[PDB]
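One structure is given here, and the rest of the page talks about it.
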Amino acid sequence: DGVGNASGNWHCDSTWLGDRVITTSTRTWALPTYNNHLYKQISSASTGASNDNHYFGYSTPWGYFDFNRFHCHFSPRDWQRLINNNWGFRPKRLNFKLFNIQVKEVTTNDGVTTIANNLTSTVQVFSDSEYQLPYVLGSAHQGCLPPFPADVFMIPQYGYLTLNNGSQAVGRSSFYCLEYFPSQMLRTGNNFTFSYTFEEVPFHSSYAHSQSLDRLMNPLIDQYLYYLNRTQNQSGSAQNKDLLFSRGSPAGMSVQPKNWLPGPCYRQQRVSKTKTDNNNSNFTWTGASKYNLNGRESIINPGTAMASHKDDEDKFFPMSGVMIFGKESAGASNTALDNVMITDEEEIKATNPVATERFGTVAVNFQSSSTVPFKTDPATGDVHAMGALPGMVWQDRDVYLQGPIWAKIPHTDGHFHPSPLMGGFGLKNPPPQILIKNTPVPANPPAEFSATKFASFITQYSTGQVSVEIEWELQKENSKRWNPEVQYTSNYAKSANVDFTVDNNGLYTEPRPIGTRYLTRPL
Amino acid sequence: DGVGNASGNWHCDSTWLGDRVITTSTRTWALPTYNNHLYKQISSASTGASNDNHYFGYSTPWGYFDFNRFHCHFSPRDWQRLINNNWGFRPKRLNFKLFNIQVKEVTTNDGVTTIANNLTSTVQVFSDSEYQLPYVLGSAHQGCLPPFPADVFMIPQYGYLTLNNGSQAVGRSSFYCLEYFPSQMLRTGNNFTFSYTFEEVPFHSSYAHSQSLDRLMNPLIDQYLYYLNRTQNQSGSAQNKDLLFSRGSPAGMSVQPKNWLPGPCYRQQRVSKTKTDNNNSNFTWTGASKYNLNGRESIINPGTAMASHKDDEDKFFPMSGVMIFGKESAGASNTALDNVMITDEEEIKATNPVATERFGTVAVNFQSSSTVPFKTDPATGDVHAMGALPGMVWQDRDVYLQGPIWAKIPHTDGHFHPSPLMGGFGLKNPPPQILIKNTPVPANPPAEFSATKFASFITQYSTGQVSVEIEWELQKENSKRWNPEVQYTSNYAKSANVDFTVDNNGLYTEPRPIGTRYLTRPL
Amino acid sequence: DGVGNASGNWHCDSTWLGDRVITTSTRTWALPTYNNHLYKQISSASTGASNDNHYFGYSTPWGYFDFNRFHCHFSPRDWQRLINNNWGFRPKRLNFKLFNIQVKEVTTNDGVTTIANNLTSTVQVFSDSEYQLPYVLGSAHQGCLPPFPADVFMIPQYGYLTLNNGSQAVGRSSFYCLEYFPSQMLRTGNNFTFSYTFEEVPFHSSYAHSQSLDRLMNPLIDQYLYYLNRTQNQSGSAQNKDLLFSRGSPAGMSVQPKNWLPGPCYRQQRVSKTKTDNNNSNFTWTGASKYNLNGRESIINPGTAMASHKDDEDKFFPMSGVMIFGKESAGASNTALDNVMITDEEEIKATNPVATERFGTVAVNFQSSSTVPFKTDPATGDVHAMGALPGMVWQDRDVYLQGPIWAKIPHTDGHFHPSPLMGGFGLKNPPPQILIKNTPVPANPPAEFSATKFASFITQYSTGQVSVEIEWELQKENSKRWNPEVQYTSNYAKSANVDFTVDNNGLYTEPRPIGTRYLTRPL
């Protein structure tokens, strides 16, 4: 629409209707030139990694837009308003806009850098609406819109992995040229818009359960069902066998017949947040729950949605069963427990097994008396990994303000309960990837013709504004609970700083991860 | 329509529309008299089998029509055209026709055999459209239409098994008279037609995945999720414990948090195609994965859809985890590896565990430090059988040109992912069984009346033509892959014979089993 | 239409309209069972042939209908009527009918043979209207309808050749199941009809030329064009060079400038019908014109349409340049000149080079005088093979009453003047092959089921009537010639037999081959 006319406005807001909330977020992005406009083949051959870390793939000159975290859309106040008042929520629709494009030319001479406007340069943008590209969103990568609307963010580079045999490729390894797509070319007066509708996904549960699964009975009335209570005489003067049956009573609630089972489990190793109680070894790889796929092992991390610990055991967490967010000023490698924030799944103890303990015990032999004068005592074994049994009920992992929103469900023949293990909404057709790059501008060509492809380019980057608007459907509480509920609250106390704010240096920080499960409902 | 008028034509063709393919196949069949028109009770009492091989059932005088293999409908060229170009396929509808019936009377006198036409004899045909009979199709039996349209095939005899207690029956053992059905009686001028519509079944996947499930991340960007990396000090000068956390990075891809899990597994024993590397014992029954049902064991064979082997390990196959087709000139018992064709499931390594290896490891204890001066090292155990966990994704078994198409899903209260384990489409209402028999023609009765049932019959058989037409819906590839795909191809080389042809003796042979997964798509 | 009702009538006639002639021919055919209903792979490996005679192909159980000779449609009287009165002719349309099918069962016991009617057996017939099969018609094979309408003929077996590397096949070698086509099944009351329209092909020339190509000038008038006549002095007293030019005059007609050239040539070896004048060696392969294709040589036979001999040289014929028909009582191998009939192409001397002589001479050097004191005499060389030059005109080979009518033009990128070298009409879509076989009738099957394909069949053959009706368009003479024309005539003389009749034993014989070129027209 011209050089001197803005192609969009700043739309950062949150509107709460009766059963919907619409969150709008605008951010300022910077996109550099990646790979010098080259597609590069990347692998682990030069890295010299272990067999488990081998890979083969490609690095493209494109960047992508990521808004797959909840704090890209919700302020902490909006998140608190959602989680303190709603029993569930899900996304309905989204709008994406890209506007106010500025391409900047950079020249460095004698150490000093000049930046100018390039009014005739373009950025190519396209949305992969048919999911023809590898989906790298949903792997919890950096590069999302920053939580604070004042922050300017760099656009992450696009790259993918394909089938590999060690550090080598195979015949079925794919290569994707992203220039083989129709792109919209944007000069400084152009904008880009894109709408998307979410499929009907189940509401995420912003509630805990007020009852436990093994405590669903009337505590005053007996049962009409009997169970075997004693196989020996109760008197004890003699030690004779018997078959004595008792009625299901509130005195013994552990032996009452029940209708349902706790969800599946895959036991993790128990690590104490107090380092002195941990074994003096590494055991982060040798003692960890991992799966085998094509000969190379992968840590589960976090796997099945299970309770982090029991009651009065907050000092323990599963070794790779929890989502760990880093605070600002946390290093990339071997940072400290003080620099990370470990989440807790304490609210799903009502239906899910504890992550660090067995599902239960199982009979492993036939008990018998002496006759065949070889008496066989009954024997049980611990069940550490339990798959889905009929009658099982469970809760999924919680979502966090700092955590992912959705994940693409793999296009496979079968999948069981396709809810992402990091938490969020599993979508068969997720929001498509928006891919953006600067169109290469060649430098001065030679006077004589050369068929060698161009390698000298004018160095430039681009900047602009991006808006994402998501409509979310809410599921209101309808509780008849009498006593007040647990709510997420700010701490009232004199503190050097306010939580979820900037410091005197201007650095936005999030003190803690906030989940969703504060309200309760009966099981 | 008369003795001298043909009641049908030869319809053997294949028509390719945009998204459909219609395959028509005509064959010549011969139906003998089975059991001398008698229903016989069969069991294992005279056989003297083991407890695992005991059975009780009935043999009927009826034969049945079977077209439950893919090569009854597709030529090898048509199969190649389908699998090289389509991402998926499924059956939509079918037509069955039975025409040109000829009943032949046979008399053997003094060793010489006379065959004449019996113009007034009938064949009874009926379709079991309400599934009131035991469904013996879908057990991979011989007797289908031959792959080569020039071959004349004998119709297999119908028989079923019922509930047995050893070699004995029980009260709930059923008996079915097939004459207790309405049948159409066909003389030499009559024909039989029957139409059937398939239920909406999912497309079979004619693709492999270009990505592995543990390689779905961006290989250039780090994660915002942390994991416990060290529980000991990294320096090594001292051996103190710690809690050091690292960020998910492309350097270590095995320890990155992920969203999904590989499919379920049930480990098989690993057998080498090179016999010298196998243990010197039988162990085909003692060392095999089998299940217990009512006290008798049954080999899984092939069970869960898992990868046959790892990379660079084509010499190994699971002992009973692969579909094995026999070549022509293969014996019924104890034939050779040279006479059988072992299939491979190498394309589903991207999502499925390898059949001969564990699903993974699981924590089995609590690690702790000395204090309770009994230090407990962390301990893991191998997980050999893993049921369905939420977040699991998998591919089903491949279908082959020589393999089955469908299977009836058992009418049970529950079933999990009712896809047949041999491969194909599981149908609640599959194509019904077409049952055919020659109507008995009694020989000369006595002059005086006898109430004893007739046992002397005129010996006869019947011949005719059978047509099956199936419409299949196709799911076209929509790939954006740049490099060329892997295709199924004929080998270009001077060879004594052409593959999938006849030899100088007229014997049609299929050199190899052909799967479907040649094209690829991103995971 | 029933057992006792005939499905067609005998239609053998010839109707002459003004510019059309419609020829109808009915014949009685017998079709046996070929290969025992088997497809067999045939090659030269067991034959042990030379590299030039290697082949690979298939033998099918089908027979085919052939009416690709002119005497299948024209009586000798009709042929004489056509060739004595028409300047040209071509085929317009055809109708094919198959009627009065009788399947006969054969049993041989103790040496005596019983034949019975099989009223319920079928013959499968189909027309290959889309040319999806190898076209084996147009190779001048036996098995056509006999010339005499009273003769009963056996139907020839269908077989084809594919790509071969010696006696072996290659990857691109094709195999065709003919049961993979839709066939019409005919019982004894059914018939088969099929119509076909010929493409617009040029008229075959039933004329000779009254002028020669080098004699197209006015013999009374000079030319206005000059030619170099002498390069030496005419007087002869001295021997000096000169440049003397003469005018084109009727005195020297060989040196007159002309407008056209004779057709292309490919010289053949000259063989005398009088054996004493031939060289005492074999030289039928070593001294013959042959072409090289994929390393193996093939005799041209007959190749370019050229004159058989010159004037007054009827004793000579090109070694493989003439169509040779065998008389009745001619052996298959090494029969006598008395038993064969050699054709003559004497009528096309007006425009075509003689087959056994060079096209002409060509200059091969530069003539010069002594100076460089090395005088160079002019030198010419004989031109034995001459391709098409602009200005060339030629006639095609003649057609004969005993010769082929048409040939399929190969589906290639290029072809030059696609007129078959044996003579006739080259058609891109020729009349399709009609393929017929007896439907196999299995013998008595075993009491127990066997998946081995049937090998025991009821021995039977079929007989019936076939009608072919061709409409031909005529091109009438419009000559202004005064003197009477040369006509084909019967010889008036007392002879023991009449030509083109039966003898006292009932054997129809054709005394001589009759061409078409009797009328004349100016060049």
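Chain labels A, B, ... are given in the sequence in which chains occur in the structure tokens; within each chain residues are numbered consecutively from 1, and ligands are likewise numbered from 1 in the order shown.
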
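Backbone DSSP over range 185-349 of chain B yields helix (DSSP H, G or I) at residues 275, 276, 277, 346, 347 and 348 of chain B.
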
Got a sec: who's within 10 Å of residue 366 in chain C, counting only C-alpha atoms, leaving out chain neighbours fewer than 2 positions off, as a short mmCIF file (atom, residue, chain, number, x, y, z; two decimals) with C-alpha atoms, in the first residue's frame?
```
data_model
loop_
_atom_site.label_atom_id
_atom_site.label_comp_id
_atom_site.auth_asym_id
_atom_site.auth_seq_id
_atom_site.Cartn_x
_atom_site.Cartn_y
_atom_site.Cartn_z
CA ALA C 363 32.08 -39.01 -58.93
CA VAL C 364 34.63 -39.91 -56.26
CA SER C 368 42.72 -32.13 -62.82
CA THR C 376 44.32 -36.85 -61.76
CA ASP C 377 41.95 -38.73 -64.03
CA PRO C 378 38.25 -38.46 -63.16
CA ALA C 379 36.99 -41.46 -61.22
#
```

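Distances from A:430, A:252, A:442, A:302 to chain B were compared using only C-alpha atoms, and the smallest one belongs to A:302.
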
Q: Return as JSON, numbers by chain the residues belonging to chain C that are within 7 Å of chain B, counting only C-alpha atoms.
A: {"C": [1, 2, 3, 38, 39, 40, 41, 42, 119, 120, 165, 168, 169, 170, 171, 172, 175, 179, 180, 181, 182, 183, 184, 185, 186, 187, 188, 189, 190, 442, 444, 445, 447, 449, 450, 451, 453, 454]}

Q: Just list the residues in range 191-320 of chain B DSSP gives strand (DSSP E or B) on the backbone, as an MDAnalysis selection string.
A: chainID B and resid 192:197 204:205 207:209 223 225:232 241:247 261:262 265:266 270:272 290:293 296:299 307 316:318

What would the file look like if the residues just selected were written as a short mmCIF file (atom, residue, chain, number, x, y, z; two decimals), in the first residue's frame with C-alpha atoms?
```
data_model
loop_
_atom_site.label_atom_id
_atom_site.label_comp_id
_atom_site.auth_asym_id
_atom_site.auth_seq_id
_atom_site.Cartn_x
_atom_site.Cartn_y
_atom_site.Cartn_z
CA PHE B 192 -26.00 -66.68 -9.68
CA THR B 193 -25.28 -63.04 -8.85
CA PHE B 194 -24.55 -61.26 -5.60
CA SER B 195 -23.55 -57.68 -4.73
CA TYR B 196 -21.84 -56.44 -1.60
CA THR B 197 -20.79 -53.04 -0.27
CA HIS B 204 -4.33 -49.18 4.00
CA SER B 205 -1.06 -47.25 4.05
CA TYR B 207 3.67 -45.49 2.22
CA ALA B 208 6.71 -45.50 4.45
CA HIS B 209 7.65 -42.60 6.69
CA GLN B 223 14.56 -26.59 23.39
CA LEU B 225 12.80 -27.70 28.32
CA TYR B 226 15.50 -28.89 30.69
CA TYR B 227 16.39 -32.41 31.76
CA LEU B 228 18.54 -33.85 34.51
CA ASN B 229 21.91 -34.45 32.85
CA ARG B 230 24.33 -35.23 35.70
CA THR B 231 23.87 -36.48 39.24
CA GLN B 232 27.64 -36.27 39.86
CA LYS B 241 26.93 -35.84 43.82
CA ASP B 242 25.00 -32.96 42.26
CA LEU B 243 21.87 -32.02 40.32
CA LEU B 244 22.95 -30.57 36.97
CA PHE B 245 20.36 -29.76 34.32
CA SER B 246 20.93 -29.32 30.59
CA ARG B 247 18.82 -27.82 27.84
CA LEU B 261 6.04 -43.17 22.06
CA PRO B 262 6.68 -46.13 19.75
CA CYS B 265 5.67 -54.72 21.39
CA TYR B 266 5.66 -58.43 22.21
CA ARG B 270 15.70 -63.84 16.78
CA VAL B 271 16.53 -66.42 14.11
CA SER B 272 19.33 -65.97 11.60
CA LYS B 290 2.93 -68.04 22.61
CA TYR B 291 -0.31 -67.30 24.41
CA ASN B 292 -2.35 -69.37 26.85
CA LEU B 293 -6.07 -69.86 26.17
CA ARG B 296 -3.63 -74.80 25.63
CA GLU B 297 -0.85 -72.73 24.11
CA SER B 298 -0.86 -71.12 20.67
CA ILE B 299 2.04 -69.52 18.84
CA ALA B 307 10.13 -54.26 12.47
CA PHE B 316 17.84 -61.95 11.23
CA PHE B 317 14.08 -62.40 11.39
CA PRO B 318 11.68 -62.96 14.29
#
```

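Excluding range 160-162 of chain A itself and any same-chain residue fewer than 2 positions from it, the protein and nucleic acid residues within 8 Å of it, counting only C-alpha atoms, are residues 55, 56, 57, 58, 59, 134, 136, 158, 164, 169, 173, 174 and 175 of chain A; 210, 211, 212, 215, 216, 217, 218 and 219 of chain B.
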
Just to be explicit: take each residue in the selection above, keep C-alpha atoms, and write the result as a PDB file, in the first residue's frame.
```
ATOM      1  CA  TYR A  55      21.067 -37.988  12.671  1.00  0.00           C
ATOM      2  CA  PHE A  56      20.760 -36.930   9.046  1.00  0.00           C
ATOM      3  CA  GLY A  57      18.829 -33.958   7.772  1.00  0.00           C
ATOM      4  CA  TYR A  58      18.798 -30.599   6.071  1.00  0.00           C
ATOM      5  CA  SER A  59      19.176 -26.954   7.060  1.00  0.00           C
ATOM      6  CA  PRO A 134       8.157 -32.047   8.121  1.00  0.00           C
ATOM      7  CA  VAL A 136       9.117 -29.255  13.483  1.00  0.00           C
ATOM      8  CA  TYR A 158      14.003 -24.016   9.641  1.00  0.00           C
ATOM      9  CA  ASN A 164      19.124 -42.040   8.775  1.00  0.00           C
ATOM     10  CA  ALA A 169      20.937 -41.494   4.612  1.00  0.00           C
ATOM     11  CA  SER A 173      15.274 -40.244   2.993  1.00  0.00           C
ATOM     12  CA  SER A 174      13.399 -37.204   1.732  1.00  0.00           C
ATOM     13  CA  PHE A 175      14.631 -33.798   0.660  1.00  0.00           C
TER      14      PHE A 175
ATOM     15  CA  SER B 210      10.475 -40.263   5.712  1.00  0.00           C
ATOM     16  CA  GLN B 211      11.086 -39.402   9.374  1.00  0.00           C
ATOM     17  CA  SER B 212      11.668 -41.483  12.473  1.00  0.00           C
ATOM     18  CA  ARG B 215      13.827 -37.585  15.060  1.00  0.00           C
ATOM     19  CA  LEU B 216      10.882 -35.197  14.737  1.00  0.00           C
ATOM     20  CA  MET B 217      12.706 -32.124  16.054  1.00  0.00           C
ATOM     21  CA  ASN B 218      14.353 -29.143  14.440  1.00  0.00           C
ATOM     22  CA  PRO B 219      18.060 -30.100  14.315  1.00  0.00           C
TER      23      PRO B 219
END
```

Q: To one decimal in Å, tell me the separation between CA of residue 343 in chain C and CA of residue 76 in chain C.
A: 16.8 Å

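Checking A:79, A:126, A:325, A:87 one by one against residue 436 in chain A, counting only C-alpha atoms, you find the shortest gap at A:126.
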
(Q) Env of range 398-405 of chain B: 10 Å cut, atoms = only C-alpha atoms, seq-sep filter 2 positions within chain, self excluded. Answer as JSON, numbers by chain. (A) {"B": [67, 68, 69, 70, 71, 72, 73, 74, 75, 76, 79, 80, 90, 91, 137, 138, 139, 140, 141, 147, 204, 205, 206, 207, 305, 323, 324, 325, 343, 344, 345, 347, 348, 395, 396, 407, 420, 421, 422, 423, 424, 425, 426, 510, 512, 513, 514, 515, 516, 517]}

The selected residues should be written to file as a compact mmCIF listing (two decimals), in the first residue's frame (atoms: N, CA and C atoms).
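Output file result.txt follows:
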```
# COMPACT_ATOMS: atom_id res chain seq x y z
N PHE B 67 -11.88 -65.61 -2.44
CA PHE B 67 -11.10 -64.67 -3.22
C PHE B 67 -10.47 -63.65 -2.28
N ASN B 68 -9.94 -64.13 -1.16
CA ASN B 68 -9.38 -63.29 -0.12
C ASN B 68 -7.86 -63.19 -0.20
N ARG B 69 -7.32 -63.11 -1.40
CA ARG B 69 -5.92 -62.78 -1.62
C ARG B 69 -5.84 -61.69 -2.67
N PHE B 70 -4.80 -60.87 -2.59
CA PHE B 70 -4.72 -59.72 -3.48
C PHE B 70 -4.42 -60.11 -4.92
N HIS B 71 -3.73 -61.23 -5.13
CA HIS B 71 -3.41 -61.65 -6.49
C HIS B 71 -4.57 -62.34 -7.18
N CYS B 72 -5.67 -62.61 -6.48
CA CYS B 72 -6.89 -63.02 -7.14
C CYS B 72 -7.50 -61.88 -7.94
N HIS B 73 -7.08 -60.65 -7.68
CA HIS B 73 -7.67 -59.47 -8.29
C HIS B 73 -6.67 -58.60 -9.03
N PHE B 74 -5.43 -58.53 -8.58
CA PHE B 74 -4.42 -57.68 -9.20
C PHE B 74 -3.40 -58.54 -9.93
N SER B 75 -3.12 -58.19 -11.18
CA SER B 75 -1.93 -58.71 -11.82
C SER B 75 -0.72 -58.05 -11.18
N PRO B 76 0.47 -58.64 -11.32
CA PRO B 76 1.67 -57.97 -10.79
C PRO B 76 1.89 -56.58 -11.36
N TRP B 79 -0.56 -54.36 -9.51
CA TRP B 79 -0.07 -54.15 -8.16
C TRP B 79 1.06 -53.13 -8.13
N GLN B 80 1.99 -53.23 -9.08
CA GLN B 80 3.07 -52.26 -9.16
C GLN B 80 2.53 -50.86 -9.46
N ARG B 90 -8.33 -48.85 -0.41
CA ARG B 90 -9.28 -49.64 0.35
C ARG B 90 -10.36 -50.14 -0.59
N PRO B 91 -11.08 -51.21 -0.22
CA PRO B 91 -12.17 -51.70 -1.06
C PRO B 91 -13.50 -51.02 -0.79
N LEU B 137 -13.21 -68.06 6.33
CA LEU B 137 -12.36 -67.17 5.57
C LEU B 137 -11.57 -66.30 6.55
N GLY B 138 -10.49 -65.71 6.07
CA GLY B 138 -9.67 -64.91 6.95
C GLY B 138 -8.74 -65.69 7.83
N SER B 139 -8.55 -66.98 7.57
CA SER B 139 -7.55 -67.79 8.24
C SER B 139 -6.40 -68.17 7.32
N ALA B 140 -6.31 -67.53 6.15
CA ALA B 140 -5.22 -67.72 5.19
C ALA B 140 -5.15 -69.16 4.69
N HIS B 141 -6.27 -69.66 4.19
CA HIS B 141 -6.35 -71.03 3.70
C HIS B 141 -6.15 -71.09 2.20
N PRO B 147 -3.72 -67.03 -8.91
CA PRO B 147 -3.26 -65.73 -9.41
C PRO B 147 -3.32 -65.61 -10.92
N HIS B 204 -5.63 -48.60 3.73
CA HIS B 204 -4.33 -49.18 4.00
C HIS B 204 -3.25 -48.24 3.49
N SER B 205 -2.16 -48.17 4.26
CA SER B 205 -1.06 -47.25 4.05
C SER B 205 -0.05 -47.85 3.09
N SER B 206 -0.03 -47.37 1.85
CA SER B 206 0.96 -47.79 0.87
C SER B 206 2.21 -46.93 0.91
N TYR B 207 2.54 -46.38 2.07
CA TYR B 207 3.67 -45.49 2.22
C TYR B 207 4.54 -45.92 3.38
N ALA B 305 2.60 -55.76 15.02
CA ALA B 305 3.29 -55.27 13.84
C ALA B 305 4.57 -54.58 14.28
N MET B 323 5.44 -62.97 7.86
CA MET B 323 4.64 -63.76 6.95
C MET B 323 5.56 -64.48 5.97
N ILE B 324 5.45 -65.80 5.91
CA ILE B 324 6.31 -66.62 5.08
C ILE B 324 5.44 -67.26 4.00
N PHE B 325 5.73 -66.94 2.75
CA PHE B 325 5.05 -67.54 1.62
C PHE B 325 5.94 -68.61 1.01
N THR B 343 9.01 -62.53 4.36
CA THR B 343 8.76 -61.11 4.17
C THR B 343 9.61 -60.29 5.13
N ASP B 344 9.64 -58.98 4.88
CA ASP B 344 10.38 -58.04 5.71
C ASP B 344 9.48 -56.87 6.03
N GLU B 345 9.57 -56.38 7.26
CA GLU B 345 8.82 -55.22 7.72
C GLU B 345 9.77 -54.07 8.03
N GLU B 347 10.16 -51.21 6.69
CA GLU B 347 9.71 -49.85 6.45
C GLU B 347 9.06 -49.21 7.67
N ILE B 348 8.70 -50.00 8.68
CA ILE B 348 8.00 -49.47 9.83
C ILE B 348 8.92 -49.34 11.04
N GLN B 395 2.45 -48.28 13.08
CA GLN B 395 1.93 -48.68 11.78
C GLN B 395 1.48 -50.13 11.84
N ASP B 396 0.50 -50.46 11.01
CA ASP B 396 0.01 -51.82 10.91
C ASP B 396 0.92 -52.64 9.99
N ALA B 407 -10.38 -59.62 6.97
CA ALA B 407 -10.70 -60.60 8.00
C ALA B 407 -11.94 -60.13 8.74
N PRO B 420 -6.46 -56.86 11.37
CA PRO B 420 -5.97 -58.24 11.44
C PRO B 420 -4.46 -58.30 11.54
N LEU B 421 -3.97 -59.27 12.30
CA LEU B 421 -2.54 -59.34 12.57
C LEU B 421 -1.77 -59.89 11.37
N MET B 422 -2.44 -60.62 10.49
CA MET B 422 -1.79 -61.01 9.24
C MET B 422 -1.73 -59.87 8.23
N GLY B 423 -2.43 -58.78 8.47
CA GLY B 423 -2.48 -57.67 7.55
C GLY B 423 -3.79 -57.64 6.79
N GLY B 424 -4.22 -56.44 6.44
CA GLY B 424 -5.45 -56.29 5.70
C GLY B 424 -6.47 -55.43 6.40
N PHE B 425 -7.72 -55.56 5.98
CA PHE B 425 -8.83 -54.78 6.50
C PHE B 425 -9.66 -55.65 7.43
N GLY B 426 -9.86 -55.19 8.65
CA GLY B 426 -10.77 -55.85 9.55
C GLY B 426 -12.17 -55.32 9.33
N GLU B 510 5.59 -66.88 -8.79
CA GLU B 510 5.83 -65.54 -8.28
C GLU B 510 7.18 -65.52 -7.57
N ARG B 512 8.93 -63.38 -5.78
CA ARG B 512 9.13 -62.71 -4.51
C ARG B 512 7.80 -62.15 -4.03
N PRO B 513 7.65 -61.92 -2.73
CA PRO B 513 6.47 -61.20 -2.24
C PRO B 513 6.67 -59.69 -2.37
N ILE B 514 5.65 -59.00 -2.87
CA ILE B 514 5.70 -57.56 -3.07
C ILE B 514 4.79 -56.90 -2.05
N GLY B 515 5.35 -55.99 -1.26
CA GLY B 515 4.58 -55.19 -0.34
C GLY B 515 4.00 -53.96 -1.02
N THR B 516 3.64 -52.98 -0.19
CA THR B 516 3.00 -51.77 -0.67
C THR B 516 3.78 -50.50 -0.38
N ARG B 517 4.67 -50.52 0.61
CA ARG B 517 5.25 -49.30 1.16
C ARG B 517 6.48 -48.91 0.36
```

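Here CA of residue 250 in chain B stands at a distance of 6.5 Å from CA of residue 222 in chain B.
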
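The nearest approach to residue 414 in chain A among the residues B:458, B:303, B:264, B:46, with only C-alpha atoms taken into account, belongs to B:264.
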
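Among the candidates A:520, A:286, A:308, A:339, the one nearest to residue 361 in chain B when counting only C-alpha atoms is A:286.
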
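Counting only C-alpha atoms, residue 127 in chain C has the following residues at most 8 Å away, ignoring those fewer than 5 positions along the same chain: residues 194, 432, 433, 434 and 435 of chain C.
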